[PDB]
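*Asks:* Could you have a look at this structure, given as structure tokens, before my questions?
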Amino acid sequence: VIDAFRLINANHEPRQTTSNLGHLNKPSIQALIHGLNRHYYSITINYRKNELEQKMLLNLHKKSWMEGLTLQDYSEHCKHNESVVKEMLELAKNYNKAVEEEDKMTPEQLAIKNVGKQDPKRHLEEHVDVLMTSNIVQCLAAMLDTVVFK
Amino acid sequence: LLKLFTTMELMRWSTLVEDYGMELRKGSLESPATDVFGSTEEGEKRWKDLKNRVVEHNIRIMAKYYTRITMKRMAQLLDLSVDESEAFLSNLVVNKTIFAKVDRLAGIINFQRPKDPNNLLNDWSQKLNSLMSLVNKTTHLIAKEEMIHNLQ
Amino acid sequence: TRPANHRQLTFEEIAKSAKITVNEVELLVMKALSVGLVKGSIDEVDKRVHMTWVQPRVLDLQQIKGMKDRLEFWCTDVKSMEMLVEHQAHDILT
Amino acid sequence: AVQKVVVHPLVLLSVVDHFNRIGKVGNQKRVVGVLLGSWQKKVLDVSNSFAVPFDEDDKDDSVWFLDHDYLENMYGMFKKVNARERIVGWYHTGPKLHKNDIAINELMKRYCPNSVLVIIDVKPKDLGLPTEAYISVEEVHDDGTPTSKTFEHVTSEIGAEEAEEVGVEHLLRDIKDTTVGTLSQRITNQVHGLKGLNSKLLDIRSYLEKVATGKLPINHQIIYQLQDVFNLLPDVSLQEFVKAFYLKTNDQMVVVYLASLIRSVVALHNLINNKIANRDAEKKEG
Amino acid sequence: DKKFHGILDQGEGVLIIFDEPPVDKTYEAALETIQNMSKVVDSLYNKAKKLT
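Given below as structure tokens:
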């Protein structure tokens, strides 16, 4: 949240118009209340950047290369998998207990069925995505290493 | 004596008794003896104790290397007949001192713990990670040497 | 000298290349390990010995070439499988 | 010993701005300055920087000027603005290590004995971090005999406070692909790591070529290190290792199979609900 | 009564000793989840009729 200003004198229109470049921002209610376009006027802000700035701003979030080919402590892998599956067991039970409804529930009542109560479907979707991504990545790393280093 | 008990290599009781036997138990006029190994009953008890400690250090030293060692060869090297060496090993294991499985049926003493596949792959991973770090370090030394010798 | 794959000696070979009787071989390797020359173990049951690593030793200008060729093989493998990954995974990561 | 050094995005961007300003001034190929920060029990914290006029003779690596008086004045003014930050080291934008580095470091070593050097390349032709950190230590040889001072590499990374994170994420609207899912954990790695490993191996191979062809002398610590490297490489033809690998791959597969079953059931349920909704809408419409 | 781990060998008069993880606690959870979603599919079928 940022903006650039300048002062309007006591003279009419403060500035002249030869494009739509001024009128693209829809000034906020608070700024108007506190004096915008009455005592001061805004100016468009441009964040233009050169080539080397662009190249380093892209290079901040980049980890070392070794991190790419590091496996996980396999024991921790298995513990994580068994924990999530032991959660999916109960989530599947609740999914069953919840699909049986949705017929004996008013079309409006459903929109409130899920407020303060776990929903099995969404959690199952999240856990399935997590499990499947993690396992695929670990497997691929293991195979890729198995080949690269002798 | 101190170094012998800190060096990692099998030591023979016979050599220790032959060399330091007189300098410890019977004493020396130039170097006074101590009541540690005198003729009292406690002297015999502590002499047995020193025997025990040489034997246990021998067992441990072969228990670092020596994945497998036939019962007869351990007993021969420890200077005990088969039975007493077996009893000493059994007591040591029962007391949690060292880990080993006596295969009395085949006469083998295995010093290797089980290798669950999890641990095997974990060792593989540690090896790869060390490989990666050494690659990085060798590249740094290469850059240094090239800088020192190449500008000229 | 033994290639990396095998590197699993036998007592008899020690006794024949060191001029010692088989009975006294074990102490030799035991000591070698103790000092810090080689890491490994012993198999008294089978009268063999595994040497997981040997102390670094200076190499002439020939073994240097062998090591370089091994590095070339390594680089070729790495590029091959980087390409495999990228190509097979193109659509997602464009 | 430093276990880790963390630089801040502001420092990187400030060094880039410095190099741009001097190059616009021209007739230079490197820049030198300071680095401000604090310590957190061996976990350094670089947080800010400023310039220090410097010039060098490219032809001979024994002539150089560095206005240390400027350094003291700027340290006074910055310390007036922010007390919690004290000099931590020095930085320069040359591609790779120069010969003067030990000389400058011994000059800098007065202001902070535990001074770490951070090189910030401003033109990355690679896939890797933009900084390298180096700490000067005495090296005693078994045969190399004379004891000189050599740089030992120390782990470095990039870190940011919430304000810097906000600003950078704002500016990073030039390209953005989050896809934290499998897409990232397969572009940020696998491919990236293989490319980096290949580049490193290629550098090792170039040096080996140069030594073998006589262009250089032989270094024995390098040869021992390479022998250890080749000795580390594992063997993948051991029945025990194959057995372990298959066992673990199998477990990973059972989990992915369960995941896919779950997903199929959910998608089918969604299709059924949509069909029922369509049928009801038609019946009500009819 | 599962006091310790191993089994005898009659005739030869031997006594083997080992260590066994009889269960893995990551396949049991999977089997239970398969059963639970079998029940869920049954429920969807019972709710597939309305479509007819």
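Residue numbers (the UniProt record's numbering), protein chains in the order written: chain A, 156 to 166, 172 to 310; chain B, 305 to 456; chain C, 283 to 376; chain D, 5 to 290; chain E, 371 to 422. Positions of the beta carbon are idealized from the N, C-alpha and C atoms, including for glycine.
#1: Using 8 Å for Cβ pairs, my map puts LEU230(D) next to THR442(B). What's the rounded Cβ distance?
#2: Which residue comes first and which comes last in the beta strand (DSSP E) that contains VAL50(D)?
#3: Return the Cβ separation of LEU314(B) and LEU309(C) in integer angstroms, given the expectation that the two are a contact with Cβ distance under 8 Å.
#4: So does the stretch 35-50 of chain D actually touch the stretch 90-108 of chain D, counting three or more Cβ pairs closer than 8 Å?
#5: Do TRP225(A) and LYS28(D) come within 9 Å of each other at the CB atom, strictly closer than that value?
#6: Hey, quick one: how far does the beta strand (DSSP E) through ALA87(D) stretch, first residue to last?
#7: Which of the three DSSP states is assigned to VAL122(D) in this structure?
#8: For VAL393(E), return the contacting residues in chain A, with the cut-off set at a CB-CB distance below 9 Å.
#9: If you follow the beta strand (DSSP E) that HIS157(D) is in, where does it begin and where does it stop?
#10: So with Cβ pairs under 9 Å, would you call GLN229(D) a contact of chain C?
#11: Mind checking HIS273(D): buried by the 16 CB within 10 Å criterion, or exposed?
#12: Taking its Cβ as the centre, do 16 or more other Cβ atoms sit within 10 Å of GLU60(D), making it buried, or is it exposed?
#13: Tell me the rounded alpha-carbon separation between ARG330(C) and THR292(C).
#14: Identify the contact partners of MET248(A) in chain E, using a Cβ-Cβ distance below 8 Å as the criterion.
#15: Using DSSP with H/G/I as helix, E/B as strand and the rest coil, what is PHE392(B)?
#16: Does any CB atom of chain B fall closer than 9 Å to the CB of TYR211(D)?
#17: Would you grab the beta carbon distance between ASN295(A) and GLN256(D) for me? Rounded to a whole angstrom, and I think it's under 8 Å.
#18: Are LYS46(D) and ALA5(D) closer than 9 Å when you measure CB to CB?
#19: Quick one, which residues of the stretch 406-417 of chain E are near chain D if we go by CB-CB under 8 Å, in chain order?
#20: In this structure, how does DSSP classify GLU143(D) when only helix, strand and coil are distinguished?
#21: Taking its Cβ as the centre, do 16 or more other Cβ atoms sit within 10 Å of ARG408(B), making it buried, or is it exposed?
#22: Check the C-beta distance from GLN225(D) over to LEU445(B) and give it rounded, since I have them as a contact under 8 Å.
#23: With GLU398(E) as the anchor, note down where its alpha helix (DSSP H) starts and where it stops.
#24: Can you tell me which of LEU212(A), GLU286(A) and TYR234(A) puts its alpha carbon nearest to the alpha carbon of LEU425(B)?
#25: What does a CB cutoff of less than 6 Å around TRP68(D) pick up in its chain, not counting 5 residues either side in sequence?
#26: So, at 6 Å on beta carbons, what are the nonlocal neighbours of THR159(D) in its own chain, with the 5 sequence-adjacent residues on each side left out?
#27: Would you please state the rounded distance, in angstroms, between the beta carbons of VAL297(A) and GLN189(D)? I believe it to be under 8 Å.
#28: Could you name the residues of the stretch 249-283 of chain D whose beta carbon sits closer than 8 Å to any beta carbon of chain B, in the order they occur along the chain?
#29: With 8 Å as the C-beta to C-beta threshold (strictly closer), list the residues of the stretch 147-159 of chain D near chain B in chain order.
#30: Would a C-beta distance cut-off of 9 Å place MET378(B) and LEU393(B) closer than the cut-off?
#31: Tell me, please, whether the CB atom of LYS420(E) is closer than 9 Å to any CB atom in chain D?
#32: By the 7 Å beta-carbon criterion, what residues does the stretch 339-361 of chain C contribute toward chain A?
#33: Under 8 Å, CB to CB, which of the residues in the stretch 131-146 of chain D have a partner in chain A?
#34: Only counting runs of 4 or more residues, tell me where the alpha helix (DSSP H) segments fall wholly within the stretch 205-253 of chain A, in order along the chain.
#35: Verify whether the separation of the beta carbon atoms of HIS102(D) and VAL50(D) is less than 9 Å.
#36: Evaluate contact between the stretch 357-375 of chain B and the stretch 318-337 of chain C, counting only Cβ atoms and requiring at least three cross-stretch pairs below 8 Å.
*Replies:* From the atom records:
#1: Correct: roughly 6 Å between the Cβ atoms.
#2: Residues 49-52.
#3: The pair is a contact, with the Cβ atoms about 7 Å apart (cut-off 8 Å).
#4: Segment contact: the stretch 35-50 of chain D against the stretch 90-108 of chain D, three or more CB-CB distances shorter than 8 Å; contact assigned.
#5: Cβ atoms of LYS28(D) and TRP225(A): not closer than 9 Å.
#6: No beta strand (DSSP E) holds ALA87(D); DSSP gives it neither H nor E.
#7: DSSP places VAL122(D) in strand when its eight states are reduced to three.
#8: Here the premise fails: no neighbours, minimum Cβ distance about 11 Å.
#9: Segment 152-158, the beta strand (DSSP E) holding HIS157(D).
#10: Interface residue, yes.
#11: Result: buried.
#12: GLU60(D) counts as buried, since no fewer than 16 other beta carbons sit within 10 angstroms of its beta carbon.
#13: Between the alpha carbons of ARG330(C) and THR292(C) lies a distance of about 4 Å.
#14: Those are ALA399 and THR403, listed as they occur along chain E.
#15: Helix, per DSSP.
#16: Cβ-Cβ to chain B under 9 Å: yes for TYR211(D).
#17: Their Cβ separation, rounded to whole angstroms, is 5 Å, which keeps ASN295(A) and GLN256(D) in contact under 8 Å.
#18: Contact flag set, yes.
#19: Within the stretch 406-417 of chain E, the qualifying residues are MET407, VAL410, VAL411, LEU414 and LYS417.
#20: Per DSSP, reduced to three states, the secondary structure at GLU143(D) is strand.
#21: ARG408(B) should be labelled exposed.
#22: Correct: roughly 7 Å between the Cβ atoms.
#23: 398-416 is the extent of the alpha helix (DSSP H) around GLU398(E).
#24: Per the Cα distances, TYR234(A).
#25: Taken in chain order, the residues that qualify are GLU60 and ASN104.
#26: Excluding residues within five positions, the ones whose Cβ falls inside 6 Å are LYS8.
#27: The Cβ separation is near 4 Å, so the contact holds.
#28: Taken in chain order, the members of the stretch 249-283 of chain D whose beta-carbon sits within less than 8 Å of a beta-carbon on chain B are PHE249, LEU251 and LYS252.
#29: The residues in question are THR154, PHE155 and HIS157.
#30: Taking 9 Å as the Cβ cut-off, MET378(B) and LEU393(B) qualify as a contacting pair.
#31: It does: the Cβ of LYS420(E) has a partner Cβ on chain D nearer than 9 Å.
#32: Cβ contacts with chain A come from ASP359 and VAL360.
#33: Close to chain A, meaning a Cβ-Cβ distance shorter than 8 Å, are the following residues of the stretch 131-146 of chain D: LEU131, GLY132, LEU133 and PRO134.
#34: If we require 4 residues or more, the alpha helix (DSSP H) runs fully inside the stretch 205-253 of chain A come out as 211-219.
#35: When the beta-carbon positions are compared, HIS102(D) and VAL50(D) stay at least 9 Å from each other.
#36: The stretch 357-375 of chain B vs the stretch 318-337 of chain C: in contact.
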